[PDB]
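The file work15.txt comes next; it holds compact mmCIF, C-alpha atoms.
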# COMPACT_ATOMS: atom_id res chain seq x y z
CA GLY A 1 -18.51 -5.12 -14.44
CA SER A 2 -18.07 -2.01 -16.55
CA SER A 3 -15.96 0.14 -14.26
CA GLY A 4 -14.63 2.57 -16.83
CA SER A 5 -11.95 2.20 -19.47
CA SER A 6 -8.31 3.13 -18.97
CA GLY A 7 -4.89 1.81 -19.92
CA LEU A 8 -3.29 1.93 -16.49
CA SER A 9 -1.93 -1.24 -14.94
CA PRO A 10 -2.05 -1.71 -11.16
CA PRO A 11 0.97 -2.06 -8.87
CA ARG A 12 2.65 -5.31 -7.90
CA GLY A 13 4.97 -6.87 -5.34
CA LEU A 14 3.03 -5.11 -2.61
CA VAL A 15 4.40 -6.14 0.76
CA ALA A 16 4.49 -4.77 4.29
CA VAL A 17 7.50 -5.00 6.57
CA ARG A 18 6.79 -4.11 10.17
CA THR A 19 9.53 -1.90 11.56
CA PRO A 20 10.32 -0.08 14.82
CA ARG A 21 9.88 3.32 13.22
CA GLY A 22 6.67 2.07 11.65
CA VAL A 23 5.67 -0.17 8.77
CA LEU A 24 7.50 -0.14 5.46
CA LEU A 25 5.61 -1.14 2.34
CA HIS A 26 7.32 -2.34 -0.81
CA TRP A 27 5.52 -2.33 -4.14
CA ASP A 28 6.39 -2.29 -7.82
CA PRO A 29 5.74 0.39 -10.46
CA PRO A 30 3.10 -0.30 -13.12
CA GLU A 31 4.99 -0.89 -16.34
CA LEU A 32 1.72 -0.28 -18.15
CA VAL A 33 0.89 3.40 -17.98
CA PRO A 34 -1.35 5.61 -20.14
CA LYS A 35 1.23 8.36 -19.80
CA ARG A 36 2.34 9.60 -16.40
CA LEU A 37 1.50 8.39 -12.91
CA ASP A 38 -0.38 10.85 -10.73
CA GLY A 39 0.18 8.85 -7.57
CA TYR A 40 -0.95 5.77 -5.69
CA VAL A 41 -3.28 5.31 -2.74
CA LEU A 42 -2.27 3.30 0.31
CA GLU A 43 -5.29 1.64 1.89
CA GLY A 44 -4.88 -0.39 5.06
CA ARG A 45 -7.06 -1.73 7.86
CA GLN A 46 -7.04 -3.93 10.93
CA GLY A 47 -8.02 -7.55 10.39
CA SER A 48 -11.47 -7.05 8.92
CA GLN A 49 -11.90 -3.37 9.71
CA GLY A 50 -12.91 -0.49 7.47
CA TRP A 51 -10.51 0.15 4.62
CA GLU A 52 -8.84 3.30 5.88
CA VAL A 53 -7.09 5.50 3.35
CA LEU A 54 -3.62 5.79 4.82
CA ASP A 55 -2.49 8.03 1.99
CA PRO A 56 -4.38 8.44 -1.30
CA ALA A 57 -1.64 10.76 -2.51
CA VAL A 58 1.50 8.71 -3.01
CA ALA A 59 4.37 9.65 -5.30
CA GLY A 60 3.72 8.05 -8.67
CA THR A 61 7.40 7.14 -8.65
CA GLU A 62 7.64 5.93 -5.08
CA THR A 63 8.19 2.22 -4.59
CA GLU A 64 7.45 2.14 -0.88
CA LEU A 65 6.09 4.09 2.07
CA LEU A 66 6.14 4.07 5.85
CA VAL A 67 2.97 3.60 7.88
CA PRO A 68 3.65 3.73 11.63
CA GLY A 69 -0.08 4.21 12.07
CA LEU A 70 -0.40 0.53 12.91
CA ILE A 71 -1.78 -1.17 16.00
CA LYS A 72 -0.25 -3.99 18.01
CA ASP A 73 -1.90 -7.31 18.76
CA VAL A 74 -3.62 -6.74 15.44
CA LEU A 75 -2.97 -7.36 11.76
CA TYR A 76 -3.10 -4.24 9.62
CA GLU A 77 -3.67 -4.80 5.92
CA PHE A 78 -2.59 -2.73 2.94
CA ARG A 79 -3.40 -2.11 -0.70
CA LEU A 80 -1.82 0.18 -3.27
CA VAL A 81 -3.82 1.38 -6.25
CA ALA A 82 -2.06 3.44 -8.89
CA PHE A 83 -4.08 6.07 -10.72
CA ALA A 84 -3.44 8.56 -13.49
CA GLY A 85 -5.54 11.71 -13.31
CA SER A 86 -9.00 10.58 -14.33
CA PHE A 87 -7.65 7.08 -14.79
CA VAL A 88 -7.20 4.70 -11.88
CA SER A 89 -5.81 1.23 -11.28
CA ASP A 90 -6.85 -1.69 -9.10
CA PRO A 91 -5.35 -2.03 -5.61
CA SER A 92 -2.35 -4.32 -5.93
CA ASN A 93 -2.37 -7.49 -3.87
CA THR A 94 -3.19 -6.97 -0.21
CA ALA A 95 -0.31 -6.53 2.20
CA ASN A 96 -0.51 -7.79 5.77
CA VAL A 97 1.70 -6.79 8.67
CA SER A 98 2.53 -8.70 11.83
CA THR A 99 3.02 -7.34 15.32
CA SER A 100 3.12 -10.12 17.88
CA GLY A 101 6.82 -10.16 18.67
CA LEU A 102 7.87 -6.98 16.90
CA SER A 103 10.14 -4.60 18.76
CA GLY A 104 11.64 -7.21 21.06
CA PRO A 105 14.23 -9.98 21.49
CA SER A 106 14.73 -12.33 18.57
CA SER A 107 17.57 -14.20 16.91
CA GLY A 108 16.85 -14.73 13.23
Please rewrite the model in this file as structure tokens.
Amino acid sequence: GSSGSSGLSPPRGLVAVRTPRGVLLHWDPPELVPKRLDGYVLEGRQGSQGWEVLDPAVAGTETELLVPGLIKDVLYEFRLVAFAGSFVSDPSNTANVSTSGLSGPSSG
């Protein structure tokens, strides 16, 4: 335990919607903030690969982001962790993306 001490709540409603232009991620802003948000950090990875920092610098007001840097036939994960200056927050729930039938024929 003992991983510091800050009053910054992590994000929520973290999801990943695979799109043709890339992958859209939807999250929620941390109602609990010590003051102002510095920005979040999008961390994804394939299946059980190394957590790759997609973008550690994410608008502290943004509620989503695009990540076309995904691979097919794989399942890229995601995790947003809000942080305020010296303060940081835990990486909201993990977001998984699918790409087995993406960009193709489908009716509903």
For residue 88 of chain A, work out the shell of residues within 10 Å, counting all atoms listed in the file and skipping chain neighbours fewer than 2 positions away, then give it as a VMD selection string.
chain A and resid 4 to 10 37 to 41 81 to 86 90 to 91
Between atom CA of residue 107 of chain A and atom CA of residue 95 of chain A, measure the distance and give it in Å to one decimal.
24.4 Å
Set out as a tab-separated table a contact list for segment 36-98 of chain A and segment 11-23 of chain A with a cut-off of 10 Å, giving each residue of segment 36-98 of chain A that qualifies its closest atom pair and distance in Å to one decimal, counting only C-alpha atoms, ordered by chain and rising residue number.
residue	atom	partner	partner_atom	distance
A:40	CA	A:11	CA	8.7
A:63	CA	A:14	CA	9.2
A:64	CA	A:14	CA	8.7
A:65	CA	A:23	CA	8.0
A:66	CA	A:23	CA	5.2
A:67	CA	A:23	CA	4.7
A:68	CA	A:22	CA	3.4
A:69	CA	A:22	CA	7.1
A:70	CA	A:22	CA	7.3
A:76	CA	A:16	CA	9.3
A:77	CA	A:16	CA	8.3
A:78	CA	A:16	CA	7.5
A:79	CA	A:14	CA	7.3
A:80	CA	A:11	CA	6.6
A:81	CA	A:11	CA	6.5
A:82	CA	A:11	CA	6.3
A:83	CA	A:11	CA	9.7
A:89	CA	A:11	CA	7.9
A:90	CA	A:11	CA	7.8
A:91	CA	A:11	CA	7.1
A:92	CA	A:11	CA	5.0
A:93	CA	A:14	CA	6.0
A:94	CA	A:14	CA	6.9
A:95	CA	A:15	CA	4.9
A:96	CA	A:16	CA	6.0
A:97	CA	A:16	CA	5.6
A:98	CA	A:18	CA	6.5
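Our summary of the geometry notes that atom CA of residue 30 of chain A is positioned 9.5 Å from atom CA of residue 60 of chain A.
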Rank nothing, just name the residue among A:62, A:31, A:74, A:36 nearest to residue 48 of chain A, using all atoms listed in the file.
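Of A:62, A:31, A:74, A:36, the one nearest residue 48 of chain A is A:74, counting all atoms listed in the file.
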Expressed in Å to a single decimal, how great is the separation between atom CA of residue 71 of chain A and atom CA of residue 54 of chain A?
13.3 Å
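Here the question is which of A:87, A:73, A:29, A:35 gets nearest to residue 100 of chain A using only C-alpha atoms, and that residue is A:73.
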Can you take the partial segment 35-62 of chain A, add N, CA and C atoms, and return it as a PDB file, in the frame of the given file?
ATOM      1  N   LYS A  35       0.374   7.202 -19.589  1.00  0.00           N
ATOM      2  CA  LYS A  35       1.230   8.360 -19.800  1.00  0.00           C
ATOM      3  C   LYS A  35       2.122   8.553 -18.570  1.00  0.00           C
ATOM      4  N   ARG A  36       1.607   9.324 -17.623  1.00  0.00           N
ATOM      5  CA  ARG A  36       2.340   9.600 -16.400  1.00  0.00           C
ATOM      6  C   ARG A  36       1.492   9.239 -15.180  1.00  0.00           C
ATOM      7  N   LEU A  37       2.173   8.774 -14.142  1.00  0.00           N
ATOM      8  CA  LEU A  37       1.500   8.390 -12.910  1.00  0.00           C
ATOM      9  C   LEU A  37       1.230   9.640 -12.072  1.00  0.00           C
ATOM     10  N   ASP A  38       0.012   9.717 -11.555  1.00  0.00           N
ATOM     11  CA  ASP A  38      -0.380  10.850 -10.730  1.00  0.00           C
ATOM     12  C   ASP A  38      -0.043  10.555  -9.272  1.00  0.00           C
ATOM     13  N   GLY A  39      -0.116   9.278  -8.926  1.00  0.00           N
ATOM     14  CA  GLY A  39       0.180   8.850  -7.570  1.00  0.00           C
ATOM     15  C   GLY A  39      -0.705   7.670  -7.161  1.00  0.00           C
ATOM     16  N   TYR A  40      -0.221   6.922  -6.180  1.00  0.00           N
ATOM     17  CA  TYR A  40      -0.950   5.770  -5.690  1.00  0.00           C
ATOM     18  C   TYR A  40      -1.755   6.117  -4.435  1.00  0.00           C
ATOM     19  N   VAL A  41      -2.466   5.121  -3.928  1.00  0.00           N
ATOM     20  CA  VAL A  41      -3.280   5.310  -2.740  1.00  0.00           C
ATOM     21  C   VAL A  41      -3.106   4.101  -1.813  1.00  0.00           C
ATOM     22  N   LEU A  42      -2.502   4.356  -0.661  1.00  0.00           N
ATOM     23  CA  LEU A  42      -2.270   3.300   0.310  1.00  0.00           C
ATOM     24  C   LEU A  42      -3.525   3.135   1.179  1.00  0.00           C
ATOM     25  N   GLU A  43      -4.091   1.939   1.121  1.00  0.00           N
ATOM     26  CA  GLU A  43      -5.290   1.640   1.890  1.00  0.00           C
ATOM     27  C   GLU A  43      -5.045   0.422   2.789  1.00  0.00           C
ATOM     28  N   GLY A  44      -5.092   0.668   4.090  1.00  0.00           N
ATOM     29  CA  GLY A  44      -4.880  -0.390   5.060  1.00  0.00           C
ATOM     30  C   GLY A  44      -6.096  -0.542   5.980  1.00  0.00           C
ATOM     31  N   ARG A  45      -5.982  -1.476   6.911  1.00  0.00           N
ATOM     32  CA  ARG A  45      -7.060  -1.730   7.860  1.00  0.00           C
ATOM     33  C   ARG A  45      -6.693  -2.895   8.776  1.00  0.00           C
ATOM     34  N   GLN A  46      -7.295  -2.887   9.956  1.00  0.00           N
ATOM     35  CA  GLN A  46      -7.040  -3.930  10.930  1.00  0.00           C
ATOM     36  C   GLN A  46      -7.932  -5.147  10.649  1.00  0.00           C
ATOM     37  N   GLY A  47      -7.300  -6.312  10.640  1.00  0.00           N
ATOM     38  CA  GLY A  47      -8.020  -7.550  10.390  1.00  0.00           C
ATOM     39  C   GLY A  47      -9.108  -7.344   9.331  1.00  0.00           C
ATOM     40  N   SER A  48     -10.340  -7.249   9.810  1.00  0.00           N
ATOM     41  CA  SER A  48     -11.470  -7.050   8.920  1.00  0.00           C
ATOM     42  C   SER A  48     -12.176  -5.735   9.257  1.00  0.00           C
ATOM     43  N   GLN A  49     -11.371  -4.691   9.393  1.00  0.00           N
ATOM     44  CA  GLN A  49     -11.900  -3.370   9.710  1.00  0.00           C
ATOM     45  C   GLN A  49     -12.199  -2.600   8.424  1.00  0.00           C
ATOM     46  N   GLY A  50     -12.595  -1.349   8.605  1.00  0.00           N
ATOM     47  CA  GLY A  50     -12.910  -0.490   7.470  1.00  0.00           C
ATOM     48  C   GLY A  50     -11.643  -0.047   6.748  1.00  0.00           C
ATOM     49  N   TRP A  51     -11.653  -0.229   5.437  1.00  0.00           N
ATOM     50  CA  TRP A  51     -10.510   0.150   4.620  1.00  0.00           C
ATOM     51  C   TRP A  51     -10.253   1.642   4.832  1.00  0.00           C
ATOM     52  N   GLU A  52      -9.205   1.924   5.592  1.00  0.00           N
ATOM     53  CA  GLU A  52      -8.840   3.300   5.880  1.00  0.00           C
ATOM     54  C   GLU A  52      -7.761   3.779   4.904  1.00  0.00           C
ATOM     55  N   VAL A  53      -8.023   4.929   4.299  1.00  0.00           N
ATOM     56  CA  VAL A  53      -7.090   5.500   3.350  1.00  0.00           C
ATOM     57  C   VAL A  53      -5.902   6.104   4.102  1.00  0.00           C
ATOM     58  N   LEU A  54      -4.818   5.343   4.140  1.00  0.00           N
ATOM     59  CA  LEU A  54      -3.620   5.790   4.820  1.00  0.00           C
ATOM     60  C   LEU A  54      -3.056   7.022   4.113  1.00  0.00           C
ATOM     61  N   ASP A  55      -3.002   6.931   2.792  1.00  0.00           N
ATOM     62  CA  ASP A  55      -2.490   8.030   1.990  1.00  0.00           C
ATOM     63  C   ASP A  55      -2.872   7.799   0.523  1.00  0.00           C
ATOM     64  N   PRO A  56      -3.908   8.555   0.072  1.00  0.00           N
ATOM     65  CA  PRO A  56      -4.380   8.440  -1.300  1.00  0.00           C
ATOM     66  C   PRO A  56      -3.409   9.128  -2.267  1.00  0.00           C
ATOM     67  N   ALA A  57      -2.612  10.031  -1.716  1.00  0.00           N
ATOM     68  CA  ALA A  57      -1.640  10.760  -2.510  1.00  0.00           C
ATOM     69  C   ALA A  57      -0.243  10.203  -2.248  1.00  0.00           C
ATOM     70  N   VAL A  58       0.188   9.323  -3.140  1.00  0.00           N
ATOM     71  CA  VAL A  58       1.500   8.710  -3.010  1.00  0.00           C
ATOM     72  C   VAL A  58       2.283   8.918  -4.311  1.00  0.00           C
ATOM     73  N   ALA A  59       3.507   9.400  -4.155  1.00  0.00           N
ATOM     74  CA  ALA A  59       4.370   9.650  -5.300  1.00  0.00           C
ATOM     75  C   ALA A  59       4.145   8.549  -6.344  1.00  0.00           C
ATOM     76  N   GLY A  60       3.947   8.984  -7.581  1.00  0.00           N
ATOM     77  CA  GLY A  60       3.720   8.050  -8.670  1.00  0.00           C
ATOM     78  C   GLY A  60       5.025   7.352  -9.071  1.00  0.00           C
ATOM     79  N   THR A  61       6.094   7.724  -8.383  1.00  0.00           N
ATOM     80  CA  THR A  61       7.400   7.140  -8.650  1.00  0.00           C
ATOM     81  C   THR A  61       7.878   6.329  -7.448  1.00  0.00           C
ATOM     82  N   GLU A  62       7.282   6.622  -6.302  1.00  0.00           N
ATOM     83  CA  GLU A  62       7.640   5.930  -5.080  1.00  0.00           C
ATOM     84  C   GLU A  62       7.440   4.422  -5.240  1.00  0.00           C
TER      85      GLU A  62
END
